[PDB]
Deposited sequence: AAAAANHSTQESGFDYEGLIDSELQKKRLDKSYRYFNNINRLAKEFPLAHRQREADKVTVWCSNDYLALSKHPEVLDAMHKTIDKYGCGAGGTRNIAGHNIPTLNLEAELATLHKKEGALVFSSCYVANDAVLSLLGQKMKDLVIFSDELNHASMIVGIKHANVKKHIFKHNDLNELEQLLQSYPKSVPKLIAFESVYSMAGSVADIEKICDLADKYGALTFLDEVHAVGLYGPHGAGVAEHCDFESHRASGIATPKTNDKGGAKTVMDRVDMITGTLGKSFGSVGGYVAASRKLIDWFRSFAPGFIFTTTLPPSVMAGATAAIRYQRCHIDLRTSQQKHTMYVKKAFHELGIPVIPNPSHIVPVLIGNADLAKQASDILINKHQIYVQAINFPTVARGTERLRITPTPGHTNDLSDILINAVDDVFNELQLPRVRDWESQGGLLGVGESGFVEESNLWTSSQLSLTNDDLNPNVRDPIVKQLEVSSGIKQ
């Protein structure tokens, strides 16, 4: 007999168990009628979910559900084909148009997932420019890492958010060498934020494209939820609404969001659905549409799923109260943790990473929270984060009111004592250690938005179907 395939797999699975990164998924059945509750195996066994990426609770929004129900009745479930063959349609057109409008770009292209979007764009760039050099933040997501490998070009990794190191790398190449700077706006495991504007400045100076993943930012930053790039020119964007502003927030001609060449997002988090996208110039979009195999050779997302996301995007654009209440909830939890010496990785975003520092203790903390306190928070271990930096990821939403927060705070405090986990004081004696939303921005209401953001009559893009 030949190779021992079963032996190779056995030993590979055993390494996961011995190093204790072997994952057990929790049966979590999220309740649309009782957000943010979920049930486990039994309907009667409920927990409060504190680690979902349904950041704005739009997965259960009436306009999202209604859009789904109506679309299902008209279109059915599946698209029934690919974009080329029988799977191109009005829900697709409306969604691409909505995303392009959100990022104030010429075009947007929808993919199965942002994982696929990231892989497709990065792969194609590298496969069509073999001389390309990619500069990648060390904390970039798996999707981007995989895309960068697939691109199959020279790559440099820079220390996280270290723009001195990035500039030194950029500088060591002639300007005429094609370059790509690949980064995220908000890094999900730490909640850290990129200086998008400074990166755009570096791109201008050294002749690089910019690729920006706003997956943990869309819905959440900027007056309309277009992301951190929008937040960079918050007041310009707020004044102009849907329109491109006359000037950026410093009185210059171009906004940050305009200067970024390629912006990717998800429909699977804030926008309450599933899918991915890239927003960019008409030329870039047409190129991806025409050449990306991960776009071309795959069933189109169901119409209903697209209709849902479109509804979510439209609603959130003109409901800044979603963001203000999320930020308030987050800040409430963060300040309560600070007072109790519960160690939170400091960040200016909506993510609350509670530092544990140990794989087994993080899993046990998660275990006790769900079984004893009916709180669902997931442990983040290697390989998603560095060994020794293990943590619990907590993500408050507009639905996590202060009464629910109080229960969380009490439970986490309690679990820290039960496991005798290190407090902030203890960490100081012995790691990974200031808010994007300002008080000014946090006191805005929906009345302070440009009325042109309420039910815009958004027209379909020619590029979605092909250009004459």
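For this chain, the deposited residues without C-alpha positions form the stretches 1-11, 442-443, 447-455, 491, given in sequence order.
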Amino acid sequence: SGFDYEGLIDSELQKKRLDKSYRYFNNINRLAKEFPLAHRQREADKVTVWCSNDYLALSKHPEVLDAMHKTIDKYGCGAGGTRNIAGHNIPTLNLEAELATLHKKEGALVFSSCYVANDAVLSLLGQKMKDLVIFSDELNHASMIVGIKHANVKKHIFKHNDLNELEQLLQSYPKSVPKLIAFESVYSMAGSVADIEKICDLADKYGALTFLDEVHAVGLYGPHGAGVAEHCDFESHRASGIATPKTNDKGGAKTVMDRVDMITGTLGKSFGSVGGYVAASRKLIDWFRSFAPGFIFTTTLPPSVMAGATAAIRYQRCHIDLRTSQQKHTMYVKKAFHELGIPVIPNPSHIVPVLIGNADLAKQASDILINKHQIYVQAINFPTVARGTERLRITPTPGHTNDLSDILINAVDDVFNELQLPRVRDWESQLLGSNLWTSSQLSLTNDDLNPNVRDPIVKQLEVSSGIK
From here on, numbers count along this sequence of modelled residues.
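Each form is matched to the other, and the largest set of C-alpha atoms that superpose within 1.5 Å is called the rigid core.
For the pair 356-364 and 236-244, greater average C-alpha departure from the shown form in 4 other deposited structures of this protein after core alignment is found in 356-364. Choosing between 152-160 and 380-388, the greater Cα displacement from the shown form in 4 other deposited structures of this protein, fitted by the core, goes with 380-388. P456, present in the displayed chain, goes without coordinates in a third or more of the other PDB entries compared that cover both sides of it.
Across the other entries compared, none leave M306 without coordinates where the residues on each side are present, so it is far from a third. Checked against the record, the higher mean CA B factor of 77-85 and 375-383 lies with 375-383. Stretches 199-207 and 223-231 differ in mean CA B factor, with 199-207 having the higher one. Per the PDB record, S172 has a higher Cα B-factor than any other of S172, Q327, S113, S185.
Within the selection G107, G276, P302, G341, the deposited Cα B-factor values reach their highest point at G341. Per the deposited record, the Cα B-factor of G308 falls in the lowest third when ranked against the other modelled residues of its chain. Annotation for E138: CA B-factor lies in the middle third of the chain's modelled residues.
The deposited CA B-factor of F416 belongs to the highest third of values across its chain. Per the deposited record, the Cα B-factor of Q364 falls in the highest third when ranked against the other modelled residues of its chain. Among all modelled residues in this chain, the alpha-carbon of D403 has a temperature factor (C-alpha) in the middle third.
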